[PDB]
There are 4 protein chains.
Amino acid sequence: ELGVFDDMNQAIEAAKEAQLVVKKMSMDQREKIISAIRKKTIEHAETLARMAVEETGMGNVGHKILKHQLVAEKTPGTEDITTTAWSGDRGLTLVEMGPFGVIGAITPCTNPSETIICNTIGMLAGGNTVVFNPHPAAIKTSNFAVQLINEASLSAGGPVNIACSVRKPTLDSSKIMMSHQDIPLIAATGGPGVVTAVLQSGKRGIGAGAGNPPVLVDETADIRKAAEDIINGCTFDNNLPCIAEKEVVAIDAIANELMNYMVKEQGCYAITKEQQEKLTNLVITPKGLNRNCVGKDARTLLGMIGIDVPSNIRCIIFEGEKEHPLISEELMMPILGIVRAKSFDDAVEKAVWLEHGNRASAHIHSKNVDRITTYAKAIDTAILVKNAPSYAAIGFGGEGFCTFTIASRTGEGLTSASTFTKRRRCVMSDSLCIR
Amino acid sequence: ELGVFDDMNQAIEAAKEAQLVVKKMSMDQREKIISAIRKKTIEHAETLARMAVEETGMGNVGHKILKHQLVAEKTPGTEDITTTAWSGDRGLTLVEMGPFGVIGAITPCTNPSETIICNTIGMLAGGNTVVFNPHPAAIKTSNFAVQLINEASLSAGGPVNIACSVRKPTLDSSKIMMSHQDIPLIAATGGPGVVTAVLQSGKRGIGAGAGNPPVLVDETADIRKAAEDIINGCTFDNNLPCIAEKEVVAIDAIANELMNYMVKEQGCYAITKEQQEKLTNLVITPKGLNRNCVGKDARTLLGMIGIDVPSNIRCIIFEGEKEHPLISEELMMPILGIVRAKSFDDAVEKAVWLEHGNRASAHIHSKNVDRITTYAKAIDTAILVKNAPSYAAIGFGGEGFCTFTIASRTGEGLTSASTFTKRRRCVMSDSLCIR
Amino acid sequence: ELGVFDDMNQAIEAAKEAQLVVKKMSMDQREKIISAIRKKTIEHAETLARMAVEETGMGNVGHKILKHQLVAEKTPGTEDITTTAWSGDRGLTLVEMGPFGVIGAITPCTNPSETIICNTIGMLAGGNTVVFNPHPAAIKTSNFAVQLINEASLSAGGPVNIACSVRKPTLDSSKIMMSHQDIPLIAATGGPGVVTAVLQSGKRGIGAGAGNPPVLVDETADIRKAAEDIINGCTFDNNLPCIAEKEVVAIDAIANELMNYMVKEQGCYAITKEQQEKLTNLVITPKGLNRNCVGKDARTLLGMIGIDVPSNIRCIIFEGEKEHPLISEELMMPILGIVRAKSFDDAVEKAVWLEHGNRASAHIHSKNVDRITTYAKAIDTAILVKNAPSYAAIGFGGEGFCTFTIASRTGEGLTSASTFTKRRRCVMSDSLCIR
Amino acid sequence: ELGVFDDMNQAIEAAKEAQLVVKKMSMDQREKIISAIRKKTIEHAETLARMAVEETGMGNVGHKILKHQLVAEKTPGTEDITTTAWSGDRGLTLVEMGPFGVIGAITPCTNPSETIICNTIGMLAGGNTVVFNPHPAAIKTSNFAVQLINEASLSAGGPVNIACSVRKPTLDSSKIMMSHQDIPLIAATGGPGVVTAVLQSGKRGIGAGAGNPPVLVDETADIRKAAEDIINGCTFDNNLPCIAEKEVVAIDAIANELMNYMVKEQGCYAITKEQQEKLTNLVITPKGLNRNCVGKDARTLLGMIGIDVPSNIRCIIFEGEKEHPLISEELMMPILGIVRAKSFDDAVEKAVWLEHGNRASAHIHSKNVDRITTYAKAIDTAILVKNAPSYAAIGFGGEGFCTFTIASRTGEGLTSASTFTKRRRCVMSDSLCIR
């Protein structure tokens, strides 16, 4: 299988060879390989999507197809590689973005192939190659994505092995990456466990940690549209994405109108105190989160606690305190609690507890510039969406490019090609200021 | 003593308090505190400089005074904090540079107070505070710099403790910083030992590793000016700075002219094979580098092996192979070997071995754009100076700002305020595109 | 008198000589001359201000002193001159901002010395010199400013005649500028008559035309603060500035609260229908605008129609239709009509008529992002201030730099040094891309 | 015929209607219409090219096809429309690029359809429409291009009349454009006569004046490659383009080698003093330039003075003084004199006379950074190409985008969408700085 290897040392070596050609390739040559990856991704997004659902049991196909199309269209390519110039009496100074080399990447089972392909477009654009240690739940999907990219590069004249992976990811294979001297950067896209581990590797780690994104709704909001956007956003790929709304905080005065709209127009099903407890018991085990529930549609989750509901039901909503464990905990499930709030200031405090100091993602619906500003300042997230669904944050219905590696922990924010370069200052003294 | 504390947990706590005021300070308020730090630095550069020489035994006062003046003048302040905007049908998207929080910093005995103050200007500009664990050889100097900054902030209305330090740095106090949960970023300015250690901390580490900067001189160079620039650059603060030229590679045809110029006009003293061996024996011990020699002027080093020379001698030069240990090893001494080369291509290969894969700093004298380009591409350093002394790389006689934390390992290059921020995307959907 | 000449051909020649030195001056040399102009301006703003009031009869001293301090502090200098770089396989391409040469400038009697000095800072920063043909009402003031700048440049090592003027401006002297072959650019800061004339000169004309800036206030606005900001803005330097609010459009529901606040807290005096007609008769003559009224404080204007009012009265307000000639006409007087509006959409239409297709300046008080966006899009002005006084538009209490030459007609917007340069592309083929 | 009208007032009105839809179109909608124009241009470049040659008698088809493909590929679209943001304590300030409206354009018979289409892509990207008054020699070609664009916009959902023209251009129809109140900007791409006329119109004129681009070759140049590049560049589309090399200045020592290479490898034919005089008599008439010679290939021009030469001859070269009228005069003919020069400084002086103060285009072959810098500074052109053919200046084999409207006179340089917008500052006070 193309770009896939029996072990990590082989993956890294192959990748290191290809990178010697990649660092000397023009922008035009890289952009061709990248253009063919975009094309290959679109052509196979149906295959990639059903693979992920079939292998992991999570998410759904129509949303995963859109995810893959967003990656192909809006992931930055070589236009993201830029140069700055200062010139004056003392000459010209240039600052460039040079390659790192072979980058290691650790990728999730939620957006497995989206991450792999987004990372590669970016990383390749900057003259890097990349070696993946994919989540073992999504290994087939992941290595299919890898094989696609090499197909795409083979199509565009080469080289082979711009992206490599291993046939069987383990912890041993990931330990070998993180102590490999040929690898100076690792991008970690995953939970806190893996991110922490890369920032202990002795290499620079770009760390995409977790979150619990709240969405604030105040009384100035368009409430009908707020309902629509929040469910759309929460339920996207069955709540798998890190950015998706996972709990609401509603100003008291409009909280009934919002929730009403949610039931009556957005396919929401309000559960009783009783039903809340059996669902909590289901989705939160003594072992932590229920892997069998993560990324499951709401009809399926309701069905699992013996509640039969119409096929047009797509989200479980209820009103609860912020400590409610379906509210305080990141579930990656179309399960959305509403937390009622006395005041905007109380709303901000509740939202901030709920975000859990992650400074990952948070959302607001308000038409009031002071309100937005207040919330923005206090919540201090890598991402803030105002009056749209969360996925606007990655260019689905909002300005800006797509990524799947949001580096909230180590601070690079929404990663692109430029993230994965080294800065190089070039000082041409006392010449080449033409003024 | 102001900003200085008995232990690291106290340092960090004080710093964390001040940062709560700093993150809500305007740019104008930060820039005032920064303006007063610049002023305080200039007023006390004579004191800072003689302190460093007196405490460490290294460098010299006139050059250290200039180093401090460069920091005050050319370290970026709040103008380095920038914002990007994308607007279109789907609204306005902003990307901002938000504070990290309390940054930890580990600083050297070579440019102790320069680093402390440069870091602080940058870090403060971005809404951070900073806690230092200074090199223990330069603790007095370092903590004097710290106390100055708090004086400067006290002068500008507060707050106290924007920069903190410890009375007695140790390895215990640095371990406490690197495992402190209140600290998400550490800037490490030092050798590979300390940098490696911060990249194992579980936090993002900005890593300023070591080097061995070569300077290539070809036959198109202005040779008389190349002589002048290289000695000036090599001998600056007795070769302490990471960037300074520490070995030459000369195209054979002009190597005699260069070296001749060096002796006859630049205060160089050519040593014999005999004298080379006693100096190697002196400056390289079974314990590694001779701490008693590092940063010593050439008259002093010559004197230590019983060679008496006129006061106008400032650099030891000789012709040798690249493996010669005064040539291959970073000495931080005004000791500069010349390596003769058949051809430009041979010159590039020699220079590349000598740089030792650090991708730190390298230099060239050539008037030929293809030559410069060839060398630049192959040497791939964070810094490349063409036809000037190395310190042009930090704005002394070259375009661009000053830093003392050149992050060659982790890839941020010449650090400034913007380095020490987190990126924040703000998506204002379907409003505030005024076009 | 320094920089001032008997005739325009002499002015231009002297300016052309100085420019030969200016185009070869470093940024540091220009910035020194500029730094001394900033300093000289502050030191003499009291003199400049009382000169203008005393010579023209217009405005007031305290506000003119602040105007001059804004120019000194916030007019961009040589940091406004920037360079862009594109590098790739085909080499390096630079784009620079090169000088025009000798720029001609035509300046107003409202902000005479502010314009002269702002233009010069900018123009000098870019390697130009400048020749002024000052408004004849403010010739003394204007040529004093000129003489100051040459004093400032003399102080900083030269050259003399970076700014020149004529002892006696006329129409003949301005015709000679506009047909002078040594002058490729003219900046026209004045009414439509002079701007039109420069755009007929055969040279590039940068055209700062007139306006009638409306300020919209809706029901979401902070009304008490809206009152404060609008009077402060309208009455600044007795309404002389082009940007200042000159009429209000108020959403009906809060129009009484706004106007009430204006009378009770902002020193406003509401006039009756009767009093409106005698003031209209006063300030609008068969000859057009009453030169004896322009830039007069409200107590003085009220007094002129025999209405005695307390010294604490600073603005004349009344409610009227938009066609009311104190509302529809730019008066440059602290005379501010309020136009009541059924709805936001009606408010936008009224404001748009009132702006008169100038696309100059307009203002809004609203906390609603859709409202702001709607208004912004429809009014389409070079300048839009939201929830502040108009002078925020030039950095008094708002982000961004200062100018006094707002080129609304020819489209360059708020002029700075970069405006007054020529773009130069430099294509270095197949070299100096170091990546 | 689509977008073409019987008279100019109709053209302008139709254009003004379409622009009301264009100013409210998203970037995505504009970029679709633009994408279809790019596609339509490529599909019909063979038709456009042979039309121009057949109608004007000038240039050649293979080069015109490449010209059209460069326009389609490298003319900037809506990515050229950008936004700047400043945020701080006082809020957020945005600067946008808003539409002008209906732009008038005057276009040449040399690159008729290239100009029309390049202008339109740019102008449309910024929310403008455009009305053309095409050169009457190339009216069919020009109006075919116009009709294509409307075809392209019709294909992409509309609107019709984004570009308009007249069936029969005259001076009356161009006078009506230049005095039309619905038109605030005119782009003039043509000789000095038309540019001067637009800068007398009372509107902002963007003025693309003429030139005489010299190419300097010194002794450090790659001479064989210099020969190749200069002929390729000079002879491109039979020397029609404004940018093309039209005379050489050669350092004496390598001038024979260059010229030798030109004859022996580049299809050059050296003419005698005798033959020079009959060609001068041919191509320069008492009426000025010979319209029957402009843009004719060298075999044809040689043939016209009775000199029969092989089909492989593409350029007429000779050695002459700089005043030689085939050297000093812009001919737009593959006629290239070599001017021999004592020294680089003499070479620079000769080149500068030859450029004739146009500050249009100039070229150099030198590997020496000080040489390039010296020449660049003294020649001060909108365009400078180093070591490539001139057409690198527009992205054929050099970094940067394509244009056909190089505004050398009025200073905007290489025009793109951003040129044809008005700047708009938006000051959001004391809100929407999220930091």
# chains A, B, ... in the order shown; residues from 1 in each chain; ligands from 1

$ residues_around --residues "segment 293-298 of chain B" --least-positions-apart "6" --cutoff "10 Å" --atoms "only C-alpha atoms" --output "number ranges by chain"
B: 53, 56-60, 110, 235-241, 267-269, 282-284, 304, 309, 311-317, 331-335

$ interface_residues --of "chain C" --to "chain D" --cutoff "9 Å" --atoms "only C-alpha atoms" --output "PyMOL selection string"
chain C and resi 86-93+98+100+184-185+195-207+376+380-388+392-393+397-400+408-414+420-430

$ select_by_dssp --residues "segment 166-312 of chain B" --states "alpha helix (DSSP H)" --output "PyMOL selection string"
chain B and resi 172-178+192-198+223-235+252-265+273-283+298-304

$ atom_distance --atom1 "atom CA of residue 175 of chain B" --atom2 "atom CA of residue 4 of chain B"
17.7 Å

$ residues_around --residues "residue 346 of chain C" --least-positions-apart "4" --cutoff "12 Å" --atoms "only C-alpha atoms" --output "list in words"
residues 216, 218, 249, 250, 251, 252, 322, 339, 340, 341, 342, 350, 351, 352, 353 and 375 of chain C

$ residues_around --residues "residue 223 of chain D" --least-positions-apart "3" --cutoff "9 Å" --atoms "only C-alpha atoms" --output "MDAnalysis selection string"
chainID D and resid 217:220 226:228 254 257:258 261 365

$ atom_distance --atom1 "atom CA of residue 19 of chain C" --atom2 "atom CA of residue 103 of chain C"
10.0 Å

$ residues_around --residues "segment 149-155 of chain B" --least-positions-apart "5" --cutoff "8 Å" --atoms "only C-alpha atoms" --output "PyMOL selection string"
chain B and resi 2-3+33-34+36-37+40+117+160-163

$ select_by_dssp --residues "segment 188-331 of chain B" --states "strand (DSSP E)" --output "number ranges by chain"
B: 188-189, 204-208, 214-217, 247-251, 268-270, 284-285, 288-289, 315-319

$ atom_distance --atom1 "atom CA of residue 243 of chain B" --atom2 "atom CA of residue 416 of chain B"
16.9 Å

$ residues_around --residues "residue 124 of chain C" --least-positions-apart "4" --cutoff "8 Å" --atoms "only C-alpha atoms" --output "MDAnalysis selection string"
chainID C and resid 22 30 34 120 128:130 162 417

$ write_last_selection --atoms "N, CA and C atoms" --output "PDB file, in the first residue's frame"
ATOM      1  N   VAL C  22      16.918  65.235  -1.051  1.00  0.00           N
ATOM      2  CA  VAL C  22      15.977  64.432  -0.279  1.00  0.00           C
ATOM      3  C   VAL C  22      15.843  63.003  -0.862  1.00  0.00           C
ATOM      4  N   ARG C  30      15.667  61.379   6.998  1.00  0.00           N
ATOM      5  CA  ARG C  30      14.346  61.940   6.771  1.00  0.00           C
ATOM      6  C   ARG C  30      13.574  61.968   8.081  1.00  0.00           C
ATOM      7  N   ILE C  34      11.933  64.936  10.062  1.00  0.00           N
ATOM      8  CA  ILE C  34      10.546  64.772  10.467  1.00  0.00           C
ATOM      9  C   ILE C  34      10.337  64.855  12.002  1.00  0.00           C
ATOM     10  N   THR C 120       3.638  67.784   4.556  1.00  0.00           N
ATOM     11  CA  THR C 120       5.089  67.824   4.466  1.00  0.00           C
ATOM     12  C   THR C 120       5.689  66.609   5.135  1.00  0.00           C
ATOM     13  N   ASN C 128      10.018  63.156  -1.360  1.00  0.00           N
ATOM     14  CA  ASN C 128       9.538  64.301  -2.119  1.00  0.00           C
ATOM     15  C   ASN C 128       9.911  65.586  -1.390  1.00  0.00           C
ATOM     16  N   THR C 129       9.855  66.679  -2.113  1.00  0.00           N
ATOM     17  CA  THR C 129       9.623  67.988  -1.487  1.00  0.00           C
ATOM     18  C   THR C 129       8.291  68.495  -1.948  1.00  0.00           C
ATOM     19  N   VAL C 130       7.907  69.673  -1.459  1.00  0.00           N
ATOM     20  CA  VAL C 130       6.573  70.187  -1.691  1.00  0.00           C
ATOM     21  C   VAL C 130       6.573  71.705  -1.811  1.00  0.00           C
ATOM     22  N   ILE C 162      12.828  72.236   1.799  1.00  0.00           N
ATOM     23  CA  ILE C 162      12.037  71.021   1.679  1.00  0.00           C
ATOM     24  C   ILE C 162      10.570  71.356   1.460  1.00  0.00           C
ATOM     25  N   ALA C 417       2.123  59.442   3.670  1.00  0.00           N
ATOM     26  CA  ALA C 417       3.341  59.351   2.874  1.00  0.00           C
ATOM     27  C   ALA C 417       3.182  58.371   1.679  1.00  0.00           C
TER      28      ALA C 417
END
